[PDB]
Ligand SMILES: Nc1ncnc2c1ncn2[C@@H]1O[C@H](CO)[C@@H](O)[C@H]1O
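The data below hold one chain only, encoded as structure tokens and taken in the form deposited without adenosine (ADN).
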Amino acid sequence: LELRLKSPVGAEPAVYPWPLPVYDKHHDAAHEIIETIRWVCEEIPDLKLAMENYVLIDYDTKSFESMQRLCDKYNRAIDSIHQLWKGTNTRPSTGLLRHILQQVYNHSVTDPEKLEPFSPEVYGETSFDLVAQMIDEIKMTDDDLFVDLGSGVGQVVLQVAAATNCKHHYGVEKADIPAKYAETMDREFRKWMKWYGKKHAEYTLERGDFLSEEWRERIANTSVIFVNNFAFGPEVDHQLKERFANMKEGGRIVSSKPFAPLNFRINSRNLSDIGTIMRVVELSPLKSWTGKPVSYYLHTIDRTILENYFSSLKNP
């Protein structure tokens, strides 16, 4: 009939129907169950001690009785640990977070006929580790407001919210299918994070056009913008540079293609270019990274670039 996994923190149990749902070509719900148990065991050393060793070695993913036995062994072990704590919320580790995001996606994007080499289906394979590097480089604080422009199903927002302490994390998506899927991703993320007893910052996944009037002031008041501008046309890029021109000093933009040349040299013929008000650096996880040789671009609002040019004109 069904398989149930009791929460290590006493939240509502995770309930899976039998036959288990089929996921994409290289994922199945039976492995998700086993890896969930394994992650909770890393999380609680007492749980690994109490749980019967063999259970996580000798199993049949295609057998209801075998999967039920595995779940029952884990559930009984959770009960023993909960009894031990009678007699007497942190951020997830990077590894647990990759598992949680995968789990959230699988429960949200059922039959992925809807929605490329960098698709939501493969987020965990290169984008996750790269976003983890961007998070470590940026070092956001409680004073920061974070926005992912074109958030898709919301994977980057969820990862940043689980990793940082920004006052708020926003994801804005214009397309109908991804935005609709983001609503389930949001529900599933909140539910699973509660199940593991893991903390995350506040976040909102919204449907909208980041080039709208409403979003002009919102971009101007964001301290950290993430934007996958890789496929942006010249008009989106031009409009986006105009939005960025209203940002505060020290405002940061992390993107897949630079918005200004890395070697921008202010002169009399380029005073209208975004390069006059922003520093740009190419960051690469390769410079102990073993993934794809991929770069990201960090832009920092700095109007002193423009101020020095005028100062140099007046005081040669």
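Start at 1 and count along the sequence shown; that's the residue number.
Not on display, but discussed next: the form solved in complex with adenosine (ADN).
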Just one stretch in 193-201, 91-99, 173-181, 71-79 has heavy atoms within 4.5 Å of adenosine (ADN) in the entry with it bound, so which one is it?
-> 173-181
Which pick from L211, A245, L145, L84 sits with a heavy atom within 4.5 Å of adenosine (ADN) in the entry with it bound?
-> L211
Triple contact flag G150, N228 and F232 to adenosine (ADN) in the entry with it bound, non-hydrogen atom at 4.5 angstroms | yes
